[PDB]
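Asker: Chains as they are written, first to last, in the UniProt record's numbering: chain A, 2 to 253; chain B, 62 to 113; chain C, 24 to 256; chain D, 22 to 142. Think of the CB as a built atom: it goes at the ideal place given N, C-alpha and C, for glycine as much as any other residue.
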Amino acid sequence: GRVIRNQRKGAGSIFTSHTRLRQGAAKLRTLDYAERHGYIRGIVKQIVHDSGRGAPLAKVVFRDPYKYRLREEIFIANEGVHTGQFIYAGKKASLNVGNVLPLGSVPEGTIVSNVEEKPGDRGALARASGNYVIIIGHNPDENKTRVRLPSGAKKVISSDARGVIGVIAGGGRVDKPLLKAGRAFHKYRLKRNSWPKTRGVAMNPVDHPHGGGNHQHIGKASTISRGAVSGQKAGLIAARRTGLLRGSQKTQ
Amino acid sequence: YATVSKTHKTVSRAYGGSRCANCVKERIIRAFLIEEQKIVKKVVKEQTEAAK
Amino acid sequence: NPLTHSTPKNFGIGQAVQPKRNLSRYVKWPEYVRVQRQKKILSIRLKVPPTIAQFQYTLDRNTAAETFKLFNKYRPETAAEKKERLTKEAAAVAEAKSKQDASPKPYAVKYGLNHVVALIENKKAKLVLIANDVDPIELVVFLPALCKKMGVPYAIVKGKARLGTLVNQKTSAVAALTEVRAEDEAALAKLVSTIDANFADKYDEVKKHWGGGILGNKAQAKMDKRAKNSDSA
Amino acid sequence: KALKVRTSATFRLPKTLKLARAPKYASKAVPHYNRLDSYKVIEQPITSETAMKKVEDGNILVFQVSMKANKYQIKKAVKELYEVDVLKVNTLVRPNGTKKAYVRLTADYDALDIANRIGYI
RNA sequence: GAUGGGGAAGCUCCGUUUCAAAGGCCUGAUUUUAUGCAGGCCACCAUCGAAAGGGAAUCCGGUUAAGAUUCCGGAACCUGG
RNA sequence: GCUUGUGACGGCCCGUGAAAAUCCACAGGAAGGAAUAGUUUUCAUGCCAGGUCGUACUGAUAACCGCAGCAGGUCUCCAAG
RNA sequence: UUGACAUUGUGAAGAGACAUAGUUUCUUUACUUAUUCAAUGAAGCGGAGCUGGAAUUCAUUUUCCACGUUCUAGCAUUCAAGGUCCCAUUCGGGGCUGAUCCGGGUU
Ligand SMILES: [Mg+2]
Ligand SMILES: [Mg+2]
Ligand SMILES: [Mg+2]
Ligand SMILES: [Mg+2]
Ligand SMILES: [Mg+2]
Ligand SMILES: [Mg+2]
Ligand SMILES: [Mg+2]
Ligand SMILES: [Mg+2]
Ligand SMILES: [Mg+2]
Ligand SMILES: [Mg+2]
Ligand SMILES: [Mg+2]
Ligand SMILES: [Mg+2]
Ligand SMILES: [Mg+2]
Ligand SMILES: [Mg+2]
Ligand SMILES: [Mg+2]
Ligand SMILES: [Mg+2]
Ligand SMILES: [Mg+2]
Ligand SMILES: [Mg+2]
Ligand SMILES: [Mg+2]
Ligand SMILES: [Mg+2]
Ligand SMILES: [Mg+2]
Ligand SMILES: [Mg+2]
Ligand SMILES: [Mg+2]
Ligand SMILES: [Mg+2]
């Protein structure tokens, strides 16, 4: 047997990220004396398009605590932040669309973006265009904070962990039909080498499990167990159900 | 620009060959007013910190 | 006052670049530094056994100074003195004809680990000094134990190099004595007496106590202010 | 006593004493005699019916020069070996591993003379 | 693609600022003298990789059996001192 | 009018369409400088110097690849009525 | 993938035998120093004190809080001006303070 497409993406030889035009790594400020005791100001001097990211980035420049100079940050622009605006970052900082605050510091029910998992990891959750985390309440002693990540999961993380007020810009991008092959083509031209895709069941047994047969069909359950081996996990991996989702989903 | 004479790279005002005058206009006015209003906020909270 | 002004500086976050301070506590030392430092730490955190840790109990500046004094009166021959002995016994004894004894009996400190230890076994040593350094600690840890069983007084001095100087080496680990000119014989027992105070007699009692188990200050302070609140309301 | 004070978080190399090199035997007994003296610099005169047409009508000497040598070495050794003065030097490499030189003399000297002084025509 | 490293019996493999004490300029200090210490900067961390990308500066006329924005004539321009 | 170059604009994107050396300015005011004499080499003029290697010619129904002087293949600029 | 053994240490509540003394063994939950994860040209951590002040005083504190920056797309560097002490009064230049102590566990 050959080696199936979704194994070859591993040593990523043609499979890596098309990275030439990207404005840099979007990350929060490194967590220092300013942000963890008080606050600090920066000016958003530019918000700009990143190639291969749906949501605009915001270039947000600060001063330096310990040397005469400037320091420049790449943020993901939460919807509404604007050039020239002032941005505040710290424990004792304010509650406005754009500042960064420890999760403990916001009244429950706030809305934050680019939020850390561990504090000081400089950004992590709700970063796509339109996503955010809502906060559903804190735990006074052992300073945690329970939240609802965009996938609907409900995770508990540190209150010293930072987020930034608002939803992320560029929302609803995906309500618009890609419409032709080409727009899809360019979409992924700036992302990676994943498009277009060829139905396993169009190829030959060498090439796939789904491959072979005098009729184009799958032949066995396309639900593949969790503890399957590389070379087997093609189709619906480890599914606990299948079929058209009848009724109201939504998280409980 | 290194084979040419110094006054081909400046206009005589402060921030010559750097900013666009109307842009220098701003940083003057903003500077004064702020350093002024920075003083308006001296007395006001000198008064709150002596008469609350 | 004259044409001079005073306008301090607002070093309080969000303004005025911080002044240079002593970041002495926050420096990225060389790895070789970290190693010797954390080895000290690691050594204290654990519960170190009583056959070791019965070190860490050194001598004291006072009683030691008196022993560094008394032992210097018995340094070994230097290169000069020996060559000088030679010719003052070369021509002297090989011609004048003595029993190779137109030369005095020397009274000097014994040393070198294997030397000192045969001495303790022959019950001939009369006062043994033990280093507290010795990074191969297994070289000497059996000496306190031995001296007790051989009924011989001893004491663990501070310094492996300090013992060295009073013997003309870089480092000596152990110095000891079997001889003492009767001019000193009395001051010796006034030393051996206090020596047997802090060591030889405390030895059995010492063998019961496990050293170490000490917390880092950030920890002790945490716990000091927690076993304080759960009891005093 | 008391400790030091480091104003910087960073620990740099102890800028210690880098010492001189003082031998004990020689590098190599007897040093090499000058590898490219004047005589090895320019090797032969180029005597084409078009090489002389250069000497005749152009005040230009022609030479086959050792490949290992540049203009600075040609001009000095043309000078030294013919007691003349050079306007400019052009050099090219011939398709047989030989380095030609189009030497030119200052407005004073006449190549033709200087040519069949060294004895060719 | 070297380096400190970490793997691997090993040929070697891994990593490129990464768990490293990584390195060098403007000048003052000499008026035993040539170059140490004195300042203060900089923490920049190799290197290879485009004769179509980036890029200091040249033109016209004349000339050869065959070269020429390259020689000759004349007129410029750039860089370093 | 043809070709080309350039401008101020306009359409397009879930595509918004490189990097580095390098060169200029700016803020800053460490410093250094005048009356019997200083400051200027970003103004003009004047002096020396610019090494190394390639440079012919073919680029195709014969100078390349196709066993060859092969109806094949092999990137490109100029382009009159 | 799942178990055991090794790496593997230190506390407490509860059980487990000689059969109701503690040498030894585990269920729950604590300790940091092995091991693991992250960050930063290891920059401000931990402990105490100043100051205020919410606090109500049940003899005085029995305590918990804070303890330089928020209308503006400016400016923020020369060990810092100030204050003060020295060098033998040169131009220059040094301490201390301005910037609270104590522990050297980068967080
Ligand atoms: Mg990549
Ligand atoms: Mg593809
Ligand atoms: Mg398909
Ligand atoms: Mg098929
Ligand atoms: Mg198959
Ligand atoms: Mg199958
Ligand atoms: Mg099939
Ligand atoms: Mg089918
Ligand atoms: Mg001008
Ligand atoms: Mg040439
Ligand atoms: Mg390699
Ligand atoms: Mg290169
Ligand atoms: Mg080019
Ligand atoms: Mg011509
Ligand atoms: Mg010719
Ligand atoms: Mg031609
Ligand atoms: Mg010049
Ligand atoms: Mg065309
Ligand atoms: Mg555009
Ligand atoms: Mg000039
Ligand atoms: Mg050179
Ligand atoms: Mg040609
Ligand atoms: Mg032809
Ligand atoms: Mg053909």
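#1: Comparing the C-beta of residue 33/D with each C-beta of chain C, is any distance below 8 Å?
#2: Closer than 7 Å: is that where the CB of residue 71/D sits relative to any heavy atom of ligand 15?
#3: Which first and last residues belong to the alpha helix (DSSP H) in which residue 205/A is found?
#4: Applying the criterion that 16 or more other CB atoms from any shown protein chain within 10 Å of the CB defines a buried residue, is residue 248/C buried or exposed?
#5: Considering only their Cβ atoms, is the gap separating residue 61/D from residue 87/D smaller than 8 Å?
#6: Using a Cβ-Cβ cut-off of less than 7 Å, give me the residues of the region 33-50 of chain C that come near chain A, in sequence order.
#7: By the 10 Å Cβ neighbour count, where 16 or more other Cβ atoms means buried, how is residue 84/B classified, buried or exposed?
#8: Distance check for residue 89/B and residue 41/A, CA to CA, integer angstroms please.
#9: With a threshold of 7 Å on Cβ separation, who are the neighbours of residue 224/A within its own chain once the five nearest residues in sequence on each side are excluded?
#10: So, residue 34/A versus residue 40/C, is the Cβ gap smaller than 8 Å?
#11: Return the chain-ordered ranges of every beta strand (DSSP E) run that is complete within the region 137-166 of chain C and spans a minimum of 3 residues.
#12: Nearest to residue 218/C by alpha carbon, out of 61/C, 85/C and 136/C?
#13: Just mark residue 139/C as buried or exposed, buried being the case when its beta carbon has 16 or more other beta carbons within 10 Å.
#14: Where does residue 57/A land, buried or exposed, given buried means 16+ other C-beta within 10 angstroms?
#15: So, residue 96/A versus residue 158/A, is the Cβ gap smaller than 8 Å?
#16: Indicate whether residue 153/C and residue 175/C have their beta-carbon atoms separated by less than 8 Å.
#17: With respect to the alpha helix (DSSP H) encompassing residue 145/A, which residues constitute its N-terminal and C-terminal limits?
#18: State yes or no: is the beta carbon of residue 233/C nearer than 8 Å to at least one beta carbon in chain D?
#19: Alpha carbons only, please: which of 113/C, 205/C and 201/C is nearest the one belonging to residue 132/C?
#20: Excluding the 5 residues preceding and the 5 following residue 62/B in the sequence, name in chain order all residues of the same chain whose CB lies nearer than 7 Å to its CB.
#21: Cutting at 8 Å between CB atoms, please list the residues of its own chain near residue 28/A, excluding the five before and the five after it.
#22: Residues in the region 27-44 of chain A with C-beta within 9 Å of chain C's C-beta atoms, listed in sequence order?
#23: Write down the C-beta distance between residue 226/C and residue 181/C rounded to the nearest angstrom, noting that I regard them as a contact closer than 8 Å.
#24: My assumption, with CB atoms under 8 Å, is that residue 44/A sits in contact with residue 208/A. Please give the rounded CB distance.
#25: Could you give the DSSP three-state label for residue 128/D: helix, strand or coil?
#26: Confirm, please, whether the CB-CB distance from residue 109/A to residue 163/A is below 8 Å.
#27: Can a CB atom of chain C be found closer than 8 Å to the CB of residue 141/A?
#28: How big is the Cα-Cα spacing for residue 196/C and residue 216/C?
#29: Residue 119/D and residue 94/D look like a contact to me (Cβ under 8 Å); what is the Cβ gap, rounded to whole Å?
#30: Return no unless some Cβ of chain C is closer than 8 Å to the Cβ of residue 103/A.
#31: Considering only heavy atoms of ligand 7, does any lie closer than 7 Å to the CB of residue 202/A?
#32: Listed from N- to C-terminal order along the chain, which residues in the region 65-76 of chain A have their beta-carbon within a distance smaller than 8 Å of any beta-carbon of chain C?
#33: If the cut is a Cβ gap below 9 Å, which residues of chain C does residue 56/D touch?
#34: Cβ of residue 64/B within 7 Å of any heavy atom in ligand 9?
#35: Pop quiz: residue 147/A and residue 92/A are said to be a contact at Cβ under 8 Å. What is the actual Cβ separation, rounded to whole angstroms?
Answerer: Reading from the atomic positions:
#1: Chain C, which has no Cβ nearer than 8 Å to the Cβ of residue 33/D, makes this no.
#2: In this structure, ligand 15 has a non-hydrogen atom nearer than 7 Å to the beta-carbon of residue 71/D.
#3: Following the DSSP letters along the chain, one finds residue 205/A in no alpha helix (DSSP H), marked with neither H nor E.
#4: Per the 10 Å Cβ criterion, exposed.
#5: Yes, the pair counts as a contact, with Cβ atoms nearer than the cut-off.
#6: When CB distances to chain A are screened at a threshold of 7 Å, the residues of the region 33-50 of chain C falling below it are 36, 37, 40 and 41, in chain order.
#7: With fewer than 16 other Cβ atoms within 10 Å, it is exposed.
#8: A direct Cα-Cα distance of roughly 25 Å separates residue 41/A from residue 89/B.
#9: Same-chain partners within the cutoff: 236, 237, 240 and 243.
#10: Remark: C-beta atoms of residue 34/A and residue 40/C do not approach each other more closely than 8 Å.
#11: Taking only runs of at least 3 residues, the beta strand (DSSP E) segments lying wholly in the region 137-166 of chain C are 150-153.
#12: Among 61/C, 85/C and 136/C, the Cα nearest to that of residue 218/C is on 85/C.
#13: With at least 16 other beta carbons inside 10 angstroms of its own, residue 139/C counts as buried.
#14: Residue 57/A comes out buried.
#15: No Cβ-Cβ contact shorter than 8 Å links residue 96/A with residue 158/A.
#16: Against a cut-off of 8 Å, the Cβ pair of residue 175/C and residue 153/C comes out as no contact.
#17: If you look at residue 145/A, you'll find it isn't in any alpha helix (DSSP H); it sits in the beta strand (DSSP E) that goes 145-149.
#18: It does not; no Cβ of chain D falls within 8 Å.
#19: The closest CA to that of residue 132/C, considering only 113/C, 205/C and 201/C, is found on 201/C.
#20: Cβ neighbours of residue 62/B beyond the five flanking positions: 70.
#21: Here the set comprises 74, 75, 123 and 124.
#22: Going along the region 27-44 of chain A in chain order, one finds 34, 35, 38, 39, 40, 41 and 42 with a Cβ nearer than 9 Å to chain C.
#23: At roughly 18 Å, the Cβ-Cβ gap does not stay under 8 Å, so residue 226/C and residue 181/C are not in contact.
#24: Residue 44/A to residue 208/A, Cβ: 55 Å. No contact.
#25: Taken through DSSP and simplified to helix, strand or coil, residue 128/D comes out as coil.
#26: Not closer than 8 Å, so no.
#27: By this cut-off, residue 141/A is not an interface position.
#28: If you take the alpha carbons of residue 196/C and residue 216/C, they lie about 22 Å apart.
#29: Between residue 94/D and residue 119/D the Cβ distance is about 16 Å, and since that is not below 8 Å, they are no contact.
#30: Not flagged as an interface residue toward chain C: residue 103/A, since no C-beta distance is shorter than 8 Å.
#31: Checking the Cβ of residue 202/A against ligand 7 gives yes.
#32: For the region 65-76 of chain A, the residues whose beta carbon sits under 8 Å from a beta carbon of chain C are, in order, 65, 66, 67, 68 and 69.
#33: Those within 9 Å of residue 56/D in chain C number zero; the least Cβ separation is about 48 Å.
#34: No, ligand 9 has no heavy atom inside 7 Å of this Cβ.
#35: Going by Cβ atoms, the distance from residue 147/A to residue 92/A rounds to 20 Å, so no, they are not a contact pair.
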